[PDB]
Amino acid sequence: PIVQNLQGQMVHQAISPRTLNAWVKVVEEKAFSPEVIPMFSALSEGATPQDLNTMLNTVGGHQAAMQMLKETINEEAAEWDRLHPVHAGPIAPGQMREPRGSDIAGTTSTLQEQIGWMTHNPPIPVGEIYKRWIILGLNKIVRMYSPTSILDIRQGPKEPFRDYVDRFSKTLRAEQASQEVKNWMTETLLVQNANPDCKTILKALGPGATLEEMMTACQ
Amino acid sequence: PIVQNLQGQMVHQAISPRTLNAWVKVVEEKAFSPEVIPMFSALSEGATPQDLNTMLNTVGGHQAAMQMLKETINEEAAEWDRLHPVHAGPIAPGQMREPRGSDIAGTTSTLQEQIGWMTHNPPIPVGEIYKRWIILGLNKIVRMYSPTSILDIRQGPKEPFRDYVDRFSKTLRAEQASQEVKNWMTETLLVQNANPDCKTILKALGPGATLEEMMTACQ
Amino acid sequence: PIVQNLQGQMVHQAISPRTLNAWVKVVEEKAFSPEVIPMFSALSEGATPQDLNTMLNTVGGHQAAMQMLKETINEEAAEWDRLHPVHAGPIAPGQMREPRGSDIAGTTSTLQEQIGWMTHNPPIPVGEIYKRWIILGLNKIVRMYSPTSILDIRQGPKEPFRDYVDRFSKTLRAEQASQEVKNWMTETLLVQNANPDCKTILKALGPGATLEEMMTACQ
Amino acid sequence: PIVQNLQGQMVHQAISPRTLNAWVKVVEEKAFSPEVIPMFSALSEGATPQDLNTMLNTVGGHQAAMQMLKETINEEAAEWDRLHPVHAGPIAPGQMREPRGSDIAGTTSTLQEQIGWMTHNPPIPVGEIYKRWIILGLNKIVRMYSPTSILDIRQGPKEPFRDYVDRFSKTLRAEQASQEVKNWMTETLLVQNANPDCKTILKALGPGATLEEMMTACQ
Amino acid sequence: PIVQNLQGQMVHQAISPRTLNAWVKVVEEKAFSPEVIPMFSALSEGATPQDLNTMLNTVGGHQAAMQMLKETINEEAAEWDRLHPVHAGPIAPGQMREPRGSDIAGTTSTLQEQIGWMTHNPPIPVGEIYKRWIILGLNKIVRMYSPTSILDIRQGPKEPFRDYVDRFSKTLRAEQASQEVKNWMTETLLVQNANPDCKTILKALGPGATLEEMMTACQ
Amino acid sequence: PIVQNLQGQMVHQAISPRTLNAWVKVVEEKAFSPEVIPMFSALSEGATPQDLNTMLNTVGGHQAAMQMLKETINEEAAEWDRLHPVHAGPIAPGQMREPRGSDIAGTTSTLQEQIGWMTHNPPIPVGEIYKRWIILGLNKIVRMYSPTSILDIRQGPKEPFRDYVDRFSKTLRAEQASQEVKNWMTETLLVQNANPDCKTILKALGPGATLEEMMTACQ
């Protein structure tokens, strides 16, 4: 970020390593949880678009998050590009040009330009715009929080199948990639974590049956 | 927070509802958990002593925790008075005075003083000094946690053995002691505080049975 | 209002019913579906805050969505006022006032004021600033939940018709399908997907008995 | 609300949280019942069209109810524009203009115009004209009725007769009909939508039994 | 109240009948409910002790409450005479006398004196001070409540006796009747509105029985 | 701080521990009985807002009671800011200033500012203004209370022992009494007031048997 010396002249200092350390630790625990948005927002006030790219690099271990966010960055930059068909040079000769969406993204623009729009008067708040675009990407990211483990399903004393299947299906819904290992647990574990009446039923019905047939049979 | 605007203006700012909401949820969820500390650090950017006090009072509704932390400020203030041995005369009228441990803790200083020091020429950084002290104090709170007891966890007549094991396993994480104790407590007390019919099942099956088996068997 | 054409020439004009008509049908059918988003954008190009407000009004009976969007307005607004506070007092009344969050959102601004900002010198696009927050809120709604399945209104072990019909009717209205499909699902699912004790009763009673007679009968 | 300060100063003041919360608790219990009218009047003391709008906006979750009220405002506004003189040149330059029906509704006038008109030596006092229209709109909403009907209420197999009768007794007061008709409905539908084992007990009791007896009987 | 306009005229208007009718109506429905407090505040703006006294006289149908509020008013006025004892004459020559507590309670003060102090220079505002004392009284008044009736307290099929008798006795305590009638009512209704198994129990146990016995006989 | 003695003279002094020790013991014993209010009054004469905050911190332990107070104070404080907001300028720094509600409550002020107000031209009485908000809050708090009597801890006809020991034990800690009373209550009443199925077990076990014995027995 830029901060402001005693004469009032700005000074850039690349994002704080203390900030970096804090920011990685927020993503390690809370990348998909909304508390990431005020934590990201808090740590990005007066930041440049390049500090924000170092911030995005730091969120780059959550693969799911890095694809969604990088895509949102492309969408907002494309949108800016449809509304903004910028001139060849500056609109203010001697000053920084009109930013395109990628300049906002801090990718195509130099650090000096990002500091010029930031320091210059008339709401060109490149950090703050990029940060809202990023914040929209986070909103997409938190939509895909992940519960884990499907093995922890179990059944009550006299409880019928139809409820167990509701917990089972829900354990399986969150699952993804490589179905075959899943399927092999499904055929096994379905019968195995059932209560003894349901276990007898599930053993009996077999591979001929639909899980709706067993749920009728088990009410 | 104190924030900037272009060309020599430092602006005190209100703290975001998102940073507050988030800070509120953090103490609510992480009061004795190590994570309160980086969540605090990430939510204490630009913070004056006054912001930091506002943040604390809103969440400090637990007096044992607040006391310990406030005692840690008392330790650091005591160290502060060791850093600031006697001086001669007024420092410079219109520039703010020496900040002591109470000034850094925001009690003897007004908001305008707090500003004064943080906006000073190469600042004496009183919000950041109070922060250093609070991070050690919160660290103290998570180190000096109150546990909860294994002893209690036992199984009722209409209570399920699987549900009793969910409280046992969790109480066992929370129980203060080492792993050789935990394994030993598991082996002894899990079976021992079971309801007798359930207990009977676990003893019929005997000590080599998996907990995955014990918890399927007793319903 | 003024809008700037595809070439880039300024044109004055007003809203269309067909846009509104399109908005009631989408929001009735896709309120919690992400398809709402590009449909909202297609219907909000050249929109003022008041136009945005008419749109919202034309589907104002989805209070829950309206409240999610309002939390987003309020959140984003509080953030604006700390980040971009007005200049104090009526320093120059009668010409170009600064706006707050409530002005971007059009609750405190007249349409002339809204138009004033957007036909001012220096690109102040209050319509776009309010849309961007509305898109952020729309993303929050599409994020949270979506699926229904009318085929799965299967019962508990002894579970009565009056509980079943109640679930089935609520799910049949909430299930997005044509009314002819709804007549085919009414006609398929009712005797068939019923609790087996109930299904016995319902197979005796027959199509000569109404849902009320079924609900009384099946206790 | 407008309030006073000494010697000719009128001060605009923020709406009370205690009113907003009361207005919420009031609509939340009495939206369709007359008590919302005096409650509305008493908390609209010194209210402006913006204050009153704000109040309506905070409770404006029924689109049809909100629509009826806006139409009533429009009817009354139409009667206002019949009544308003067809004044040519400035009546009141350098002070507030002509207030139309949309100015009394606060739609097209700014708050300061609203303060202006209501705070000079009585000229046209817009809040009070707007309150008159709203009190009429609220009168329509309470006069108007349409939710619930008696026949929906039938009794379950594991449901007390007293739990069925509470739903019945309350429902019947909300059903539409003269009271002789309601009495006839009581005698008929109470026993007829009963659970068959309770229905048996009740028919054993016959039409001589008080309602105390019917609840005693059926346990 | 005193009322005022922005051209500069300030006059007294004594308390409105329409405000009296609205206040009476508030008290009839919400006397014992906090909404009486912002409704009071809103209808006593600029209200002198004399308007407020006129206002107070109307809650006389809740005698214990009006008496308690008046007794409080006397505690707080005597407390003002201790805290603010008056000079024998006026404190500044050719100016109005200090208010005593009794002058704040309006008992010894005319409307003109209440007018003079509200319209004085420095913070002494007799209406608002009298309102603080009354608000403390209002706090006592909301601490009251008003149940339905004893004759409807009865017990569900398998429902516990100990709770039933707790509901019966409190409702009988709230119920307006002479004590001998409550003594007879308790002995009659308690056993008679008991659930039938419990009813047959209470008749087995018999009328020599304590509630300690009655709760034992059915448990 | 400064206090005024019975001869009328102004005397400086500062707090006593005896007042604090008495205030803690007072809350611990009488929070649920109205005497806490006239004891609060006895212990809050001469108090500054910072004295008052000190008191509250010594009684910080009943978080629910302190919260209700604190909510009430935040409501009065919010109302104060609405009725009186500060001057826009900084007219006389360290001489006098407008106090906000939090400044009255000592949340945002230093002590020198509170004394500056209370020793100003017209004794601005921030300790007494804040003590009224505490006393009003204290009225609401004493209005909340009603749990009593270990001997009235009894069970329903089909109810669990473990849960019953929790209601019995927790009630027994909240009940001040003495220890001798408490074992006699435990050995008589735990066995007498048990659920019939539980009571058959407890009588069988005998009041001799330990609670671990009774919990193994009742499961």
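Letters A, B, C, D, E and F mark the chains as written, and numbering starts fresh at 1 in each.
Just so it is clear, a residue touches a chain if its C-beta (ideal position, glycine included) is under 8 Å from a C-beta of that chain, and two chains touch if they have at least 3 such contacts.
Listed by chain with UniProt protein names: A, B, C, D, E, F = Gag protein.
**Q** What are the chains that chain C (Gag protein) and chain F (Gag protein) both touch?
**A** The common neighbours are B, D.
**Q** Averaging each chain's C-alpha atoms to get its centre, pick out the one most distant from chain A (Gag protein).
**A** Following the centroid criterion, the farthest chain would be E.
**Q** So how far apart, in whole Å, are chain B (Gag protein) and chain C (Gag protein) when each is placed at the average of its C-alpha atoms?
**A** Whole-Å distance between the two chain centres: 40.
**Q** If you average the CA atoms of chain A (Gag protein) and of chain E (Gag protein), how many Å lie between those two points?
**A** 55
**Q** In whole angstrom, what separates the CA-based centres of chain A (Gag protein) and chain D (Gag protein)?
**A** Each chain reduced to its C-alpha mean, chain A (Gag protein) and chain D (Gag protein) end up 44 Å apart.
**Q** Measure off the straight-line distance from the CA centroid of chain D (Gag protein) to the CA centroid of chain E (Gag protein), and report it in whole Å.
**A** So the centroids are 27 Å from each other.
**Q** At which residue positions does chain E (Gag protein) touch at least two other chains?
**A** Residues: none.
**Q** Chain pairs in touch?
**A** A-B, A-C, B-C, B-F, C-D, D-E, D-F, E-F
**Q** Can you tell me which positions in chain B (Gag protein) touch chain F (Gag protein) when the two form their complex?
**A** Against chain F (Gag protein), the touching part of chain B (Gag protein) is residues 50, 57, 61-63, 66, 107-112, 154-159, 195-196.
**Q** Spell out the part of chain E (Gag protein) that touches chain D (Gag protein) in their complex, as residue ranges.
**A** Residues 2-10, 19, 21-23, 25-26, 29, 35, 37-39, 41-43, 45-46, 119, 121, 154, 156-157, 193, 195-197.
**Q** Chain D (Gag protein) touches which residues of chain C (Gag protein) in the complex?
**A** 60-61, 63, 66, 107-108, 110-111, 113, 160, 162-163, 212, 215-217, 219
**Q** Which positions of chain D (Gag protein) touch chain F (Gag protein) when the two form their complex?
**A** Against chain F (Gag protein), the touching part of chain D (Gag protein) is residues 3, 13-14, 16-18.
**Q** Under the definition above, what is the set of chain C (Gag protein) residues touching chain B (Gag protein) in their complex?
**A** 75, 78-79, 82-83
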